[PDB]
Amino acid sequence: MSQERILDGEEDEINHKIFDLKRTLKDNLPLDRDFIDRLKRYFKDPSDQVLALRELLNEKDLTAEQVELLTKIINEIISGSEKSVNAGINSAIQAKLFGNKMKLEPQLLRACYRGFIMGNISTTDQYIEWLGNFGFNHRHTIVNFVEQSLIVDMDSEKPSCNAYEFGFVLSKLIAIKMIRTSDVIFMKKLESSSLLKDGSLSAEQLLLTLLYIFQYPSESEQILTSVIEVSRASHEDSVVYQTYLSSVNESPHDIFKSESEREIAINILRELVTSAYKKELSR
């Protein structure tokens, strides 16, 4: 149905918002102008407005004349944002499935996928944004939601992107599934090394540190500065460096901008770990 995909209100709140605009047209030939302004205020979202008008087209007989004036309003909203409306309609069942799975407001999820398909930010900045928006806990689930909505958006009769845009969006999603793979790996290293174990360090900021090493491997030493301050007070230095180093070697290679831009990171961690060994075995 076209009503189930409306994420702006409760089950009943949608029924009444739709009947106040079903009774507005039940006048049989009323005022369509300014009634639009009283529909754009019922449902602020373009995906919700368009699905509402689709439910008005499901009832007869009002009808064979104003159905022409109704479908021209639908195309009035859609014409300007065909990608935003289709991305929010197509991914509205997954936003409902996952919004309850993670206990999250569904329209927050539809806005996440809809913003993913038309965002020009690096694969890392995306991962980092979803981490802040949806919390540490939902940093892996949010990428299954995005992937599951993409699978549905494609297999939909009115997708948001064409073959080429759906091809590129998937490469942005393979990378994000690689960032997650090294996130999982790193997390296995943080527990065995048990640095966050005492309570001083947060696993979130520990992760953030790793992401920045992926972005700027040259400033790795400068990056791990905030960690060292909180690390010294309890743990070593050949421990924090070994955690990041062994994590990198067994992580997906393409995460870095290149293979030699990957070297700038492995070499700095190798130089920093061995330089920490001789200043620890020296005392």
# chains A, B, ... in the order shown; residues from 1 in each chain; ligands from 1
>>> select_by_dssp(residues="segment 33-223 of chain A", states="alpha helix (DSSP H)", output="JSON, numbers by chain")
{"A": [46, 47, 48, 49, 50, 51, 52, 53, 54, 55, 56, 67, 68, 69, 70, 71, 72, 73, 74, 75, 76, 77, 78, 82, 83, 84, 85, 86, 87, 88, 89, 90, 94, 95, 96, 97, 98, 99, 100, 101, 106, 107, 108, 109, 110, 111, 112, 113, 114, 115, 116, 123, 124, 125, 126, 127, 128, 129, 130, 131, 132, 133, 134, 141, 142, 143, 144, 145, 146, 147, 148, 149, 150, 151, 152, 153, 154, 163, 164, 165, 166, 167, 168, 169, 170, 171, 172, 173, 174, 175, 176, 177, 178, 179, 180, 181, 182, 183, 184, 185, 186, 187, 188, 189, 190, 191, 192, 203, 204, 205, 206, 207, 208, 209, 210, 211, 212, 213, 214, 215, 220, 221, 222, 223]}
>>> write_last_selection(atoms="C-alpha atoms", output="CSV table (one decimal), in the first residue's frame")
chain,number,residue,atom,x,y,z
A,46,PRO,CA,7.7,15.3,-0.1
A,47,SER,CA,7.7,11.6,0.1
A,48,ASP,CA,4.7,11.7,2.5
A,49,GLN,CA,2.8,14.3,0.5
A,50,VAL,CA,3.1,12.3,-2.7
A,51,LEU,CA,2.0,9.0,-1.1
A,52,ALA,CA,-1.0,10.8,0.4
A,53,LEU,CA,-2.2,12.0,-3.0
A,54,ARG,CA,-1.7,8.4,-4.2
A,55,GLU,CA,-4.2,7.2,-1.6
A,56,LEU,CA,-6.7,9.9,-2.8
A,67,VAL,CA,-8.1,13.0,-10.9
A,68,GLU,CA,-6.4,15.0,-13.6
A,69,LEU,CA,-5.9,18.0,-11.3
A,70,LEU,CA,-4.6,15.6,-8.5
A,71,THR,CA,-2.0,13.9,-10.7
A,72,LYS,CA,-0.7,17.3,-11.8
A,73,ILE,CA,0.0,18.2,-8.2
A,74,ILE,CA,1.8,15.0,-7.6
A,75,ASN,CA,4.0,15.7,-10.6
A,76,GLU,CA,4.3,19.3,-9.3
A,77,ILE,CA,6.2,18.1,-6.1
A,78,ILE,CA,8.0,15.2,-7.8
A,82,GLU,CA,12.5,12.9,-8.2
A,83,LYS,CA,15.5,11.3,-6.5
A,84,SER,CA,14.6,12.5,-3.0
A,85,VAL,CA,10.9,11.4,-3.3
A,86,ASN,CA,11.7,8.0,-4.8
A,87,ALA,CA,14.5,7.4,-2.2
A,88,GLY,CA,12.1,8.0,0.6
A,89,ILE,CA,9.3,6.0,-0.8
A,90,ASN,CA,11.3,3.0,-1.9
A,94,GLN,CA,13.2,-0.9,5.6
A,95,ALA,CA,13.1,2.3,7.6
A,96,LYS,CA,10.1,0.8,9.4
A,97,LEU,CA,11.7,-2.6,9.8
A,98,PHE,CA,15.0,-1.2,11.0
A,99,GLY,CA,13.6,1.7,13.0
A,100,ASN,CA,11.9,-0.8,15.3
A,101,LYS,CA,14.8,-3.3,15.1
A,106,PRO,CA,11.9,5.5,11.0
A,107,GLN,CA,11.8,9.0,9.3
A,108,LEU,CA,15.3,9.5,10.7
A,109,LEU,CA,16.4,6.4,8.8
A,110,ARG,CA,14.7,7.3,5.5
A,111,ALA,CA,16.5,10.6,5.8
A,112,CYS,CA,19.8,8.7,6.3
A,113,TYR,CA,19.5,6.6,3.1
A,114,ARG,CA,18.0,9.5,1.2
A,115,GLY,CA,21.0,11.6,2.2
A,116,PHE,CA,23.5,8.8,1.4
A,123,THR,CA,33.6,6.8,2.5
A,124,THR,CA,35.2,7.6,5.9
A,125,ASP,CA,33.3,10.9,6.5
A,126,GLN,CA,30.1,8.9,5.9
A,127,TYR,CA,30.9,6.2,8.4
A,128,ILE,CA,31.9,8.9,10.9
A,129,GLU,CA,28.6,10.8,10.4
A,130,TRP,CA,26.4,7.8,10.9
A,131,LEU,CA,28.4,7.0,14.1
A,132,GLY,CA,27.6,10.4,15.5
A,133,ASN,CA,24.0,10.5,14.3
A,134,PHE,CA,23.0,7.0,15.3
A,141,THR,CA,23.3,-2.1,11.6
A,142,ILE,CA,23.0,1.3,9.8
A,143,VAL,CA,25.0,0.0,6.9
A,144,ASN,CA,22.8,-3.1,6.6
A,145,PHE,CA,19.8,-0.8,6.5
A,146,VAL,CA,21.4,1.3,3.8
A,147,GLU,CA,22.4,-1.8,1.8
A,148,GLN,CA,18.9,-3.4,2.3
A,149,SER,CA,17.2,-0.2,1.1
A,150,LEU,CA,19.5,0.0,-1.9
A,151,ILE,CA,18.6,-3.6,-2.9
A,152,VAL,CA,15.0,-2.5,-2.7
A,153,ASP,CA,15.4,0.8,-4.4
A,154,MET,CA,16.9,-0.9,-7.5
A,163,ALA,CA,22.1,2.2,-13.7
A,164,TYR,CA,25.3,4.3,-13.5
A,165,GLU,CA,24.4,6.2,-10.3
A,166,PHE,CA,23.3,2.8,-8.7
A,167,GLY,CA,26.6,1.4,-9.8
A,168,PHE,CA,28.6,4.2,-8.1
A,169,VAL,CA,26.5,4.3,-4.9
A,170,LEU,CA,27.3,0.5,-4.5
A,171,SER,CA,31.1,1.2,-4.8
A,172,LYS,CA,30.6,3.8,-2.0
A,173,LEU,CA,28.9,1.0,-0.1
A,174,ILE,CA,31.5,-1.7,-0.7
A,175,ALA,CA,34.1,0.7,0.8
A,176,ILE,CA,31.9,1.4,3.8
A,177,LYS,CA,31.6,-2.4,4.3
A,178,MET,CA,35.4,-2.5,4.4
A,179,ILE,CA,35.7,0.3,6.9
A,180,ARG,CA,33.3,-1.8,9.0
A,181,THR,CA,35.5,-5.0,8.5
A,182,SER,CA,38.6,-3.3,10.0
A,183,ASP,CA,36.4,-1.7,12.7
A,184,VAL,CA,35.3,-5.2,13.8
A,185,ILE,CA,39.0,-6.4,13.6
A,186,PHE,CA,40.4,-3.4,15.5
A,187,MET,CA,37.7,-4.0,18.2
A,188,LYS,CA,39.0,-7.6,18.6
A,189,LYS,CA,42.4,-6.1,19.2
A,190,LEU,CA,41.2,-3.5,21.8
A,191,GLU,CA,39.8,-6.3,23.9
A,192,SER,CA,42.8,-8.7,23.8
A,203,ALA,CA,36.1,2.7,22.4
A,204,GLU,CA,34.4,5.4,20.2
A,205,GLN,CA,37.3,7.9,20.4
A,206,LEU,CA,39.7,4.9,19.9
A,207,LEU,CA,37.9,4.1,16.7
A,208,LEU,CA,37.8,7.7,15.6
A,209,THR,CA,41.5,7.7,15.9
A,210,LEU,CA,41.8,4.8,13.5
A,211,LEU,CA,39.5,6.4,10.9
A,212,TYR,CA,41.8,9.5,10.8
A,213,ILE,CA,44.8,7.3,10.2
A,214,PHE,CA,42.9,6.0,7.1
A,215,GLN,CA,42.3,9.6,6.0
A,220,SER,CA,49.4,9.2,12.3
A,221,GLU,CA,51.9,10.2,15.1
A,222,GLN,CA,50.0,13.5,15.6
A,223,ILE,CA,46.7,11.6,15.5
>>> residues_around(residues="residue 280 of chain A", least_positions_apart="4", cutoff="12 Å", atoms="only C-alpha atoms", output="number ranges by chain")
A: 236-239, 273-276
>>> atom_distance(atom1="atom CA of residue 22 of chain A", atom2="atom CA of residue 81 of chain A")
25.0 Å
>>> atom_distance(atom1="atom CA of residue 261 of chain A", atom2="atom CA of residue 244 of chain A")
16.2 Å
>>> atom_distance(atom1="atom CA of residue 59 of chain A", atom2="atom CA of residue 38 of chain A")
20.3 Å
